[PDB]
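In structure tokens, one chain follows: the form deposited in one PDB entry.
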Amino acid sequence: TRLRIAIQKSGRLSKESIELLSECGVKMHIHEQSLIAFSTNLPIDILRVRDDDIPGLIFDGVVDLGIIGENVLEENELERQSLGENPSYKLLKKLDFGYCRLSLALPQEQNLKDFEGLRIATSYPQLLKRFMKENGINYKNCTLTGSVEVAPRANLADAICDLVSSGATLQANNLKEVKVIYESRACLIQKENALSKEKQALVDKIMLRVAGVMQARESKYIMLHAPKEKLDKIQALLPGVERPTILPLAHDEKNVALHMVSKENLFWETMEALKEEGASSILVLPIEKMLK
């Protein structure tokens, strides 16, 4: 049988989940009508489903791997625990996308006790519940799967417990963030029961590549020209991951090419200082995978 991986059918995670699988060498033809997309080059089946189903599919052993936000994973874990079940899974990797936080927020027109008795709208009723029990606060519930941010101005609720990627989003609905109750990111998870030897080996291969993809994010390959005499000064500004590669230029004994891996943001931050030190013809090139 083939390895089954469940990803979000469409949405935030979906594009990034697909891109990640593609960079890990999985080729597939995705038809928006089909539940499953079959890999053309590897024994892998990609299930594209509603995000909320993914944890359950992993807990129940229906699929082997899943990519899902920690928030959705924990919300569902809690729902199942409170129904008396014992869900389990293996965390393989916390990914570098899907960054967001779950925040209690009130109208700008302030404290945690100010939430006592309020109606609070959320898509994550279970995370909200646990947090309010732990802090001894009573409140009335209003579960909406979408458009939570509109609830207060539409007079459906007094406050919200909303997922945001940016502080500014709340301010732009005249809401003040009061307490962050959960921080999340996309994870790659695996079901509890051991896989067959061949499936596990395939998972291991994929993980090597996942690390390579993750390690390269935000990094670029920098090339420049400088006088040999300036090597030490430039190296101090742009050290590389180990040390600069040094390359001769044709018919030139005074100048060299230097190559270094750098985080893109650090490069821009020292770019003008590199020029002051005599660097010229500076190139930025992409890197798709990095292995330490």
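Numbers follow the displayed sequence, beginning with 1. Here, rigid core means the biggest group of C-alpha atoms that superpose within 1.5 Å across both forms.
With respect to the deposited sequence, is there a break between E109 and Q110 in this entry, and if so is it 1 to 3, 4 to 9, or 10 or more residues, or none at all?
Unresolved stretch here: 1 to 3 residues.
If you average the CA temperature factors over each stretch, which comes out higher, 136 to 144 or 182 to 190?
Of 182 to 190 and 136 to 144, the stretch with the higher C-alpha B-factor average is 136 to 144.
Selected stretch [higher average CA B-factor]: 168 to 176 or 151 to 159
Mean C-alpha B-factor is greater for 168 to 176.
Highest Cα B-factor in the PDB entry belongs to which of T245, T40, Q235, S262?
Among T245, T40, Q235, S262, the highest C-alpha B-factor in the entry belongs to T40.
Please place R101 in the lowest, middle or highest third of its chain according to the CA B-factor in the PDB entry.
Middle third of the chain for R101's C-alpha B-factor.
Split into thirds by Cα B-factor across the chain's modelled residues, where does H31 land: lowest, middle or highest?
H31: CA B-factor falls in the highest third of its chain.
So where's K90 on the chain's Cα temperature factor ranking, which third?
Lowest third, going by the recorded CA B-factors of the chain.
Chain-wide C-alpha B factor ranking for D204, given as lowest, middle or highest third:
Ranked within chain, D204 CA B lands in the middle tercile.
Classify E77 as lowest, middle or highest third according to the C-alpha B-factor given in the PDB entry, relative to its own chain.
Its C-alpha B-factor, which the entry lists for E77, ranks in the middle third among residues of this chain.
Beyond what is shown, the protein has a form deposited in another entry; the following relates to that form.
Of the candidates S196, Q171, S88, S82, the only Cα that travels 2 Å or more between the shown form and the other one, given a rigid-core fit
Result of the superposition: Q171 is the only one at 2 Å or more.
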